[PDB]
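The chain below stands alone, shown as structure tokens; this is the form deposited in one PDB entry.
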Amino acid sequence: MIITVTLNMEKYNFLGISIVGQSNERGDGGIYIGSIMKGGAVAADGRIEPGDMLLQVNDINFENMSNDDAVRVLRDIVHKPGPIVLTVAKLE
């Protein structure tokens, strides 16, 4: 199941997630939601859970990217004006 969420940044301010992991060199796996902080935009939306794989934010793809780089990119994205649209693969 893939779910794409448009976050309400105007109301909730900050993403409020932690992320764990990264894709292997072959391209399997990716970056997962480790935790979701109460009071942030991701918590507000309600549909994303811990263990979901973070696939894309706006036009930026999170497979085949280091966790270091992902943390940096997520900061950069949230600081830019405009919508934040997050797509995840749901953990079974």
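One-based numbering along the sequence shown. Note that the rigid core is defined as the largest set of C-alphas that superpose within 1.5 Å between two forms.
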property	result
Mean Cα B-factor comparison, 75 to 83 or 14 to 22, giving the higher one as deposited	75 to 83
Of the residues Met65, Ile60, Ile48, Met37, the one carrying the largest Cα B-factor as recorded	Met65
Assigned third (lowest, middle, highest) for the C-alpha B factor of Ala44	highest
Ranked C-alpha temperature factor of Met1 among modelled chain residues, by third	highest
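There is another form of this protein, the form solved in complex with a partner chain, and it is not shown here; the text below is about that form.
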item: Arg26, heavy atom within 4.5 angstroms of its partner chain in the bound PDB entry; value: no
item: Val73: Cα shift of 2 Å or greater between the shown form and the other one (core-aligned); value: yes
item: Rigid core superposition, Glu63 Cα moves 2 angstroms or more between the shown form and the other one; value: yes
item: C-alpha of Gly34 moved at least 2 Å between the shown form and the other one on rigid core; value: no
